[PDB]
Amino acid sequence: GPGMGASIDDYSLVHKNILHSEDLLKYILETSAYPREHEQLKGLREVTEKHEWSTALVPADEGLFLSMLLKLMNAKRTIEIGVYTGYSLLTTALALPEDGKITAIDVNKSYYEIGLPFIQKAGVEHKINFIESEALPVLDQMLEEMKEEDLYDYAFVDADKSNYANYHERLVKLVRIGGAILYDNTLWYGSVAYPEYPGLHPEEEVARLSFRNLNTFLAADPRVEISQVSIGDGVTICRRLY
């Protein structure tokens, strides 16, 4: 994957869309996303499109959806898990107020440095505390020091696909009651729709099975309300009830 393991040349699902045609996706992006995309998000996206792991990039229509959610819920303190070149992170930082704060976590700071010049030109780096680490230890350590008054409003989870369930057990305690936890890529290119799905790299199959298990679990987890949204590669929004 992006952070470790096999390279992109052996993956299979890279170019698969969940929408019914390339034309429909292109219509959405050209009509409703690109005209509303910040100049620095455009720049970060265009440089990322040339990178070997560009398939991992959060797309422009999903980005505006994340921004909309952040603004509607008046988020101020957030956590961003799985940064890559920083498209979703820059989206969050642009949406938050001037005194908003983001804890951003990625195992690979070199990816972050691809997009960091655009984050800086947007004038929002001051909102970001970037931590280079596997996410799980950071979440474990936040749990030990987290005060109820410091709980996050919003968490975007987009790191090791096979580890979402472990992230969830920490995050339901790190976001406030009424706060949002978003799991990215929960339809896994549409491959979750079937018990079996041939032609996958072993890492893709691990992630596919993980999402099928996670989707079933979140739908029955009494601690949250959920909405799985067929935007991008699928995004499951969770809202903490207690």
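All residue numbers refer to positions in the sequence shown, first residue = 1.
- 136-144 and 97-105 differ in mean CA B-factor, and the higher of the two is recorded for 136-144.
- Per the PDB record, of the two stretches 229-237 and 6-14, 6-14 carries the greater mean B-factor over its C-alpha atoms.
- When the C-alpha B-factors of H168, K127, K161, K71 are ranked from the entry, the top spot goes to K161.
- When the Cα B-factors of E204, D61, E30, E39 are read from the PDB record, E204 comes out highest.
- In this PDB entry, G82 carries a Cα temperature factor that places it within the lowest third of its chain's modelled residues.
- Sorting the modelled residues of the chain by their CA temperature factor places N213 in the middle third.
- When all modelled residues of the chain are sorted by CA temperature factor, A122 is found within the middle third.
- In the deposited entry, the Cα temperature factor of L66 sits in the bottom third of values across the chain's modelled residues.
- Ranked by C-alpha B-factor against the other modelled residues of its chain, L57 falls in the middle third.
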